[PDB]
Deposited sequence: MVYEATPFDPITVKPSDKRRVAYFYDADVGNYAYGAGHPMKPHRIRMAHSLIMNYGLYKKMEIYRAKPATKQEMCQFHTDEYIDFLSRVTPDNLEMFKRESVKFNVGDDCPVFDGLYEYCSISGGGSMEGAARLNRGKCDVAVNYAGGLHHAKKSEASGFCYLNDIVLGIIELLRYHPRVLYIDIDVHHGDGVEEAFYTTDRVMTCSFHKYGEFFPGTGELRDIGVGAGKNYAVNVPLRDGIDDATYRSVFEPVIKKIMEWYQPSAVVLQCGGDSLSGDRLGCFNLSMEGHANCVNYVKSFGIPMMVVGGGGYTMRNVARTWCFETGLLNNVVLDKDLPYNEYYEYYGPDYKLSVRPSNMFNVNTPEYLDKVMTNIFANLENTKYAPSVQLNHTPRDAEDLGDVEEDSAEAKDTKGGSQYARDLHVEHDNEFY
């Protein structure tokens, strides 16, 4: 109800609940590049998998290689012409699609590269297979670091995002789970996910982002919802450099009230490297410990949840955070020492599993967050195809990426 300014408590695992974790990964997701000077690069997933494949975490969880989504599946939310354009555009014939490159906003903000359709299909199939496995009870927590995009609209490509696999996973979750809650904990607010469920009540979005004429420009205490979606779109705008304790104090009570009033049957988490320490885009000061503590807080209630990797521009920090999140989801803590992997020389000079908080000024005053939370809780008072729905995915357990050499 009021911002209590409680200090950052340690990350309690509370192992009373044991969650069967299904990690979805494809070896082909890291072999696609946007180009030099571009913030988005899917190569960060490969080292996130490598850190996962170097802690012995495969002995506590199920690895999965999802079948990539087809045109009949990504068109469950996107228009047919957008998917038809995306499956034929390559960076050698853009002049033949000069109209559709600016119609669907595929220019310089979202460039064209080889395997773009393949990467989008991989991400969509991963999200779909994770949601189908969560729906049938085959897993307790589904991990989808291999691709996840919140900026993608119905027929618009924006935010270095092309295919909104999050809404596809939510749609898959919507066929059995009635009430789904989408939690966003990064900067560059998920306007695509929020606007895709703005006028519905069975799915509501909660985003902790940055406002003040940032890149998305969407997210406000007045952005609440229209039609049947009134009081079913929650935005918590934050200023620059919110630290770990401030993020905990602004994250835990609103989540507690949200699930004490909405009580969702499914959770979609959008953890990412956008709200981490100093990277190419983003101004938050939330370190590894607070970012993992938010997810561990979400893990404390034992709700069947989705964790989806989103942004990330500095691959070492986002890989460290995703590895610690995977370890926390398996009811264990990881040592700060980094094991020897294929990207041993990639990480920082300390070579430790830690993202250092950049000592910069925090402008999130207690009274601003107090009035934001009072407005949010006032808005919260009223809250009281051929092979779709497919759980068919390859096991992919024979592969390994663990290094046992010098």
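Comparing the deposited sequence with the modelled residues, the stretches lacking C-alpha coordinates are 385 to 404, 427 to 433.
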